[PDB]
Every structure is written in C-alpha cells, then in structure tokens.
Amino acid sequence: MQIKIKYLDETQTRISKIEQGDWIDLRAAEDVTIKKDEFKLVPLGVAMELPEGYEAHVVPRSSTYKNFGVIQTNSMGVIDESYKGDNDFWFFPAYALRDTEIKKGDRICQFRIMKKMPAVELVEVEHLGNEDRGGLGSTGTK
Amino acid sequence: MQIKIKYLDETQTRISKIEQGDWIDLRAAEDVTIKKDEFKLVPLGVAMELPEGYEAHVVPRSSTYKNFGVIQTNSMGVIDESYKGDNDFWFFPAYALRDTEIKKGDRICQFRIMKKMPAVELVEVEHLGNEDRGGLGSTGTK
Amino acid sequence: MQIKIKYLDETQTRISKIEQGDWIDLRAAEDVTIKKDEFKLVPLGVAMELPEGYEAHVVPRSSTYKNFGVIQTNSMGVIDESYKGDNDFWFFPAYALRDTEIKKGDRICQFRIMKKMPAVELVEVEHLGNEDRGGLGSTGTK
Ligand SMILES: O=c1ccn([C@H]2C[C@H](O)[C@@H](CO)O2)c(=O)[nH]1
Ligand SMILES: O=c1ccn([C@H]2C[C@H](O)[C@@H](CO)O2)c(=O)[nH]1
Ligand SMILES: O=c1ccn([C@H]2C[C@H](O)[C@@H](CO)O2)c(=O)[nH]1
Ligand SMILES: [Mg+2]
Ligand SMILES: [Mg+2]
Ligand SMILES: [Mg+2]
C-alpha cells in the first residue's frame, strides 16, 4: 500500500520507517514552548492521503514524557480517512505537566494505519437479554 | 453488521454515524459538573451487544479537552464483548483539568468496534533467545 | 497462536486469560510507592515473543485510577514486535495524581496483540487534490 504524504514545507524533516519501529515517528513542525498546566497544538507538518478504507492512529512515544514533559489530551488520536485535504495538517494535542520546550524535527509521537471499522446497523432494542458483566474493577486487583 | 443498542431512557439523544467520522460520537446521558482535579464517571446512556467476536474502544474527541477541560483516565477504554447486559451502561471516566460543565447530549468521546485478539497460548520459556531491542527512547529524539 | 512469556523471576504472579476479559491483565513486578505528581516506570515483570507479524498494545484498566490514582503517560503503549529480547521487560509508565502505593502482583493495566500495519510506500506529493475536512471539533458538540 501507499500513503501520499504532503509536507508543510521544504524545511520539514521527512518521516521515516525504521526497522524496530512498528509505528512511524512524527515530528514537531516548529519550535514549541509550553508552560506547566498549559495546552498547545504541536503541528506535525504533514498532510496525508491514506489507502482506501484506512484511518490512522496517533499516540505518544514512550519517551515523550521523559524528554518533553507532555501528555496527549485525546490519549489516542484518530485521523479520519476523510482528513486528506491539502490543508488538513496533522497535529499532536499537548498538555505540559512541567515547563518544556520542543524543537523542530523532534520525534514526539508515532502513528500507524488501520482499516476503519465496518459498516454497522444500530438496532435499537428495549432489552438486551444478557446477564450483566459489570465493570470498573468488578474483577478486583488481587 | 449489527450492534444492538439499548438507551438508558427516552430522553437520550440517539447516536449516529456521520460521513467524515470513522468513529461514532457518544454523548453524556445527564448534566455533569466537575471541579478542577476531581474525578467523575460521565455516564454515556447506552448499553450495547456488539457483533460476535468484537470488542469496542472509546477515546476522547480531539476537541474534548478544549470544549470540556477533561482527560480520559483510562486513556482508551476497552468495552469487553461480555459487557452486554441490561445494566451494563457505558461510561467515560473523566479527570478535570479545570472547572467544567458537561450537558446531557454533549458529544464527549467516540467509539469503534474491532475484532478481539485471537485465543493465544501462553508458553513459559526460560530464555527468549533474541537480541535485546531496548526501549523508552532507545532510538533518540532527532 | 502462541506467545512466549519469560517472567522476571519465580515470585511473579503468572498472568492469565479470564472469561470476561478481552485483554489480559498485567501486574506490578514489585511494590511501588509514588507521590502525587511524581513519575515512575512500573515494571510488569514480563518479557515476550509475540507471534510473527504482531505488536501488542497496553492501556490501563478502567479501575486503575480509582484503585491506584495513576494515569499512563504515553496513553496506549505500543510494544514493538522486535522488543523480544531476554532483557526486554515490559513497563507501565505511571504519573500519580494522588499519593499511592501499588503492591506486587497488583493488576494495573491490560494488553492485547494485533497485526502490525502492513508495509507502506510513502509517496511524496506536492498537492493532495482532496477537499479539506478540517478537524479539532469542526463537527461541533451538540
Ligand atoms: O490527534 C489528532 C486528532 C485529530 N486530528 C485531526 C484529524 C481528525 O480527522 C480530525 C478530527 O479528530 O482532526 C489530528 O491531527 N490529530
Ligand atoms: O472507558 C471505559 C472502560 C470500561 N467500561 C466498561 C466496559 C468494560 O468491559 C468494563 C470493564 O473495564 O467497564 C466503560 O464503560 N468505559
Ligand atoms: O508502555 C510501554 C511502552 C513501550 N514499552 C517498550 C516496548 C517498546 O517496543 C519499547 C520502545 O517503546 O518500549 C513498554 O514496555 N511499555
Ligand atoms: Mg519508538
Ligand atoms: Mg470527530
Ligand atoms: Mg478488566
């Protein structure tokens, strides 16, 4: 399969697949300063057209917190297939838990493609007729 | 395929598939108020029986933090296939990063379904026999 | 399918598939204390070789926060297929929101395996030629 990738400009550092990386690292399109308890969209400088039928998912690197002090407010980002216009540039929504700086080209998150869920009819029912599982720690911790 | 959905009551807004959303938006089942640094189960007012062999995942919308100042504490919720009882209503577990108010019907997160992982045998070994990859930023930042 | 699992030592409680659990719970390899607003890598006392072509994903349990007052800094951990060396032990990167103790053997997160994304050719293009979707809450909230 092919992903069509359009960079914001000639100064973006191209993204790349590496051997031991199952997902592909994305990079801050510019220097970004964030304060403790402050929010900021970090631009990733990339617009993409994914193969037919695929969405993309975006998560932090596991070193993102150590190196950059931020977490991703939407936890795992969902890039909709339809987000493929010439101006639909990808972003990483960041919340700083400490004062931090990010540099241009810094690998701060990673992505992969995956097939969209199938089409599914929503059948409204009065009663489900299954026994309750329960949740929220119903199985304990020990 | 079909999902059977049971709404908590007749005042819940029905969830809906939109053409530019690969995931489906879920909605607060009642008004919720949350103070900075407090936790609240935001009830989503729906219980579901998913197609056989599937689980679901629930993540925030990208605008959730902006519009509502919350994060999802479990990051990506996993709705187990067995949580298909008549009382197994879904919830979004929110930590507030600021005083916030959520209204009944507000689209605060999104879901999709996916095949469960296959049945796996867990084979204990004394030695894995492979070279170490290392981790936690072993590949650097640049 | 088979997963080869190597425990850190003979005192680790063995992990298991439970009926109502679509993912499998992972456990703390030792007692860990974390003060509010501290970070700590919680060791899970396991290394694994996954079936050929698979990665694994690691997220918290819904009850992780209720029971242990932590969130997962990288939101959803991606365990690369290559991370299968004899010293490649899994970890849960935890940030404490309140003062907590995590006890040895406690089930603090869950994992599953998944087919990696297939091989993708990155095709550099100057214009994507599609209509802009927009994002970051473009569909509103109501
Ligand atoms: O982390 C994210 C989440 C979303 N989006 C874009 C693409 C997606 O279709 C749209 C709405 O979520 O915003 C991003 O660039 N990054
Ligand atoms: O974010 C979540 C996570 C879990 N659950 C329910 C369904 C799941 O099977 C059960 C145990 O985690 O709790 C939710 O409603 N929302
Ligand atoms: O939450 C995580 C995230 C990553 N890793 C390991 C495996 C992964 O391939 C390596 C590089 O991220 O770190 C973990 O053990 N836990
Ligand atoms: Mg990496
Ligand atoms: Mg959306
Ligand atoms: Mg569970």
Side-chain angles (χ1 to χ4, degrees), chain A residues 13 18-21 25 27 37 39 41 53-57 59 61-68 71-83 91 93 95 102-103 105-108 114-136 138, chain B residues 1-7 14-17 19-24 41 47-51 54 56-57 59-66 70-72 74-76 79-88 90-91 93 97-98 110-114 133-142:
Chain A
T13 306
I18 65 175
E19 198 175 16
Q20 69 269 50
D25 290 359
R27 301 164 183 273
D37 284 72
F39 182 67
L41 292 182
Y54 286 73
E55 64 194 30
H57 299 173
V59 296
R61 298 174 58 207
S62 81
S63 63
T64 292
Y65 181 78
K66 193 155 90 138
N67 296 160
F68 305 103
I71 57 161
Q72 196 172 325
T73 59
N74 66 342
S75 295
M76 173 176 97
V78 171
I79 311 310
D80 299 289
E81 187 173 7
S82 66
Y83 195 72
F91 60 86
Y95 185 88
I102 292 156
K103 290 292 179 200
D106 280 353
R107 288 179 286 121
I108 54 79
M114 211 181 284
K115 272 194 169 93
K116 269 146 106 137
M117 67 162 146
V120 308
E121 167 166 87
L122 280 32
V123 185
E124 181 170 347
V125 297
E126 184 77 0
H127 291 313
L128 284 157
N130 315 104
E131 207 48 57
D132 305 320
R133 184 194 177 283
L136 195 75
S138 79
Chain B
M1 331 187 83
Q2 306 187 133
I3 299 171
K4 304 198 296 139
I5 175 166
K6 173 178 163 203
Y7 286 95
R14 276 45 189 168
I15 67 178
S16 191
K17 163 69 186 172
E19 77 169 334
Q20 73 270 45
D22 295 347
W23 292 41
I24 296 171
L41 287 201
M48 305 191 205
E49 177 168 346
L50 297 182
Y54 288 72
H57 308 165
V59 291
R61 296 178 59 205
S62 70
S63 63
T64 292
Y65 171 84
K66 179 177 103 186
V70 295
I71 56 172
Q72 189 176 340
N74 67 347
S75 284
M76 181 183 80
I79 310 303
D80 298 280
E81 184 186 356
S82 52
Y83 196 79
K84 63 174 157 195
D86 273 294
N87 300 290
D88 292 326
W90 300 18
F91 57 79
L97 270 36
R98 63 155 143 98
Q110 53 186 338
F111 89 104
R112 61 160 290 172
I113 74 189
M114 212 188 267
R133 175 195 185 288
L136 191 74
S138 78
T139 57
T141 281
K142 309 279 157 192

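Order of the sequence lines sets the chain letters (A, B, ...), proteins ahead of strands, with each chain counted from 1. Values reported hereafter were calculated over all heavy atoms of this structure, with side chains retained and with hydrogens, waters and symmetry mates removed.
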- Task: Heavy-atom pairs under 4.5 Å with chain A are the metric here; pick the option from B/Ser138, B/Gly137, B/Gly135, B/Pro93 that has the most.
- Result: B/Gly137
- Query: For the atom pair CE (A/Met117) and NZ (B/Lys17), what is the distance rounded to the nearest 0.5 Å?
  - Reply: 6.0 Å
- Output the option from B/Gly140, B/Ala47, B/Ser16 having the highest count of non-hydrogen pairs under 4.5 Å with chain A. B/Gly140
- Task: Report the distance from atom CG of B/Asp88 to atom CD of A/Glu131, rounding to the nearest 0.5 Å.
- Result: 9.0 Å
- Message: Taking side chain as everything from C-beta outward and backbone as N, CA, C, O, which of these in A/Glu126 sits under 4.5 Å from a heavy atom of chain B? Side chain, backbone, both or neither.
- Response: backbone
- Message: Under a 3.5 Å distance rule, please check whether B/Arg133 uses its side chain to pair with a backbone N or O of A/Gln20 as donor and acceptor.
- Response: yes
- For B/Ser63, is it the side chain, the backbone, both, or neither that has a heavy atom closer than 4.5 Å to a heavy atom of chain A? neither
- Message: Looking only at heavy atoms and a cut-off of under 4.5 Å, which of A/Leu136, A/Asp37, A/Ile18 has the most pairs with chain B?
- Response: A/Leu136
- Message: Is the shortest side-chain heavy-atom distance between A/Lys103 and B/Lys142 below 4.5 Å?
- Response: yes
- Message: Counting C-beta onward and ignoring hydrogens, is there a side-chain heavy-atom pair between A/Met76 and B/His57 closer than 4.5 Å?
- Response: no
- Which answer fits A/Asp106, side chain, backbone, both or neither, if we ask what part of it has an atom under 4.5 Å from a heavy atom of chain B? both
- Go through B/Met48, B/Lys84, B/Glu49, B/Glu19 and name the one with the most non-hydrogen pairs under 4.5 angstrom from chain A. B/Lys84
- Is the backbone N or O of A/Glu81 less than 3.5 Å from a side-chain atom of B/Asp22, with the two atoms forming a donor-acceptor pair by type? yes
- Query: Given that the side chain runs from C-beta out, which part of B/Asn74 has a heavy atom under 4.5 Å from chain A: side chain, backbone, both or neither?
  - Reply: neither
- Task: Would you check, one step at a time, whether the test side chain to side chain contact (heavy atoms under 4.5 Å, CB included) holds for B/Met1 with A/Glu121?
- Result: CA-CA 6 Å; B/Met1 331 187 83; A/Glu121 167 166 87; over 6 Å; no
- Query: If you draw a 6.0 Å radius around NZ in A/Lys66, do more than 12 non-hydrogen atoms from other residues or ligands fall strictly inside?
  - Reply: no
- Task: Name the region of B/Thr64, side chain, backbone, both or neither, that has any atom closer than 4.5 Å to a heavy atom of chain A.
- Result: neither
- Message: If I measure from the heavy atoms of chain B, does A/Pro118 come under 4.5 Å with its side chain, its backbone, both, or neither?
- Response: side chain
- Message: Counting only non-hydrogen atoms closer than 4.5 Å, does A/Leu41 touch chain B with its backbone (N, CA, C, O), its side chain (CB onward), both, or neither?
- Response: neither
- What heavy-atom pair brings A/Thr73 and B/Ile71 nearest, and what distance separates the two atoms? O-CG2, 3.7 Å
- Query: Where on B/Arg14 is there a heavy atom nearer than 4.5 Å to chain A: the side chain, the backbone, both, or neither?
  - Reply: side chain
- Query: So, B/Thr141 and A/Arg61: side-chain donor and acceptor under 3.5 Å apart, yes or no?
  - Reply: no
- Message: Less than 4.0 angstrom from a charged side-chain N to a carboxylate O is my criterion; do A/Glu55 and B/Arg112 meet it?
- Response: yes
- Between the CG atom in A/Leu122 and the CD1 atom in B/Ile24, the distance rounded to the nearest 0.5 Å is 5.0 Å
- Task: Would you check if the side chain of A/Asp132 reaches a backbone N or O of B/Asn87 as a donor-acceptor pair within less than 3.5 Å?
- Result: yes
- Item | Heavy-atom proximity to chain B below 4.5 Å, by part of A/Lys115 | backbone
- Query: Heavy-atom distance under 4.5 Å to chain A: side chain of B/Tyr65, backbone, both or neither?
  - Reply: side chain
- Count the heavy-atom pairs under 4.5 Å between each of B/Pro51, B/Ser82, B/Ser62 and chain A, then report the option with the highest count. B/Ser82
- Task: Select one option (side chain, backbone, both, neither) describing which atoms of A/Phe91 are under 4.5 Å from chain B's heavy atoms.
- Result: side chain
